[PDB]
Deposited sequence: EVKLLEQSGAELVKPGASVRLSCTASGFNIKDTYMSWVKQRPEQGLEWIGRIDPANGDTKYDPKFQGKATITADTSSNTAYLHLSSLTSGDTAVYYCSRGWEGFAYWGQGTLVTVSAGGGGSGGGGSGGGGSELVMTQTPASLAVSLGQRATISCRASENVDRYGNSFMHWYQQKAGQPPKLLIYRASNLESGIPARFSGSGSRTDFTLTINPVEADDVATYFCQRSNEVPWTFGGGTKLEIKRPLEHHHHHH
């Protein structure tokens, strides 16, 4: 459930530095990968990087190198995100997460306000209630590790953290209705919602995690046909 506790909202002036915290409970961070994800208002999910708290190994998306510094304190079971020389471009909600085969655990998100390839298709779609909806993800390279496709699907409803739907291309996450299914291997993956329900209105994202960067797709907004 809500195992990741994030620090409060930040309201800073440009050029400032912040250190966001993510305290875990119910598991030891040493045995996991702790990631940080950026989300600009009304925009997609951006994987910042991940830490292996056992040895302090960090990997970042090329875009965030030089901006973000992820650290971990295994004694207090806390992961940290340091952001330097803050600009209006850094204004976003920052999430911490746990997982490799998809992020099954997310923090509530921390708003940071500075007052101054994965191809997903379509960008948005509308379907009638009770009909089948399909969302596609195409990776520029194969996403296999140990003979398994490291392709995951998420749902994100308005003003909420994303939630894992499908992990390892076709495995249904516990608590997710069987109307959600995932398919594919190699480079082409599909999320199927059948039958579509009114409560399925949200933004869906695909994500690969076989090798760094653990890039999210651009997202697909699902609406019900008027």
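The chain's deposited sequence has unresolved stretches at 1, 118 to 134, 245 to 253, with no C-alpha coordinates there.
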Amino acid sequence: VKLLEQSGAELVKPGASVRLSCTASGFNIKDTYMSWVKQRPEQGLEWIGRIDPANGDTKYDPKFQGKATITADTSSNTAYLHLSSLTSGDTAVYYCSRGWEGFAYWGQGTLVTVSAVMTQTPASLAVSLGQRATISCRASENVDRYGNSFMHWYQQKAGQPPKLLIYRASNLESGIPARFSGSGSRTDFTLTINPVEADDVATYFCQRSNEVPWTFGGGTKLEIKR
From here on, numbers count along this sequence of modelled residues.
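Averaged over CA atoms, B-factors in the entry run higher in 22 to 30 than in the other of 63 to 71 and 22 to 30. With 73 to 81 and 123 to 131 compared on mean CA B-factor from the PDB entry, the stretch scoring higher is 73 to 81.
Based on the entry's C-alpha B-factors, the most elevated value among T91, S136, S140, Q156 belongs to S140.
When the C-alpha B-factors of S35, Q160, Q39, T192 are ranked from the entry, the top spot goes to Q160. Ranked by C-alpha B-factor against the other modelled residues of its chain, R186 falls in the highest third. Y95 sits in the lowest third of its chain by CA B factor, as recorded in the PDB entry. Among the modelled residues of its chain, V12 has a C-alpha B-factor that falls in the highest third according to the deposited record.
In this PDB entry, the Cα temperature factor of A104 sits in the middle third of its chain's modelled residues.
Ranked against the other modelled residues of its chain, the C-alpha B-factor of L45 as given in the entry falls in the lowest third.
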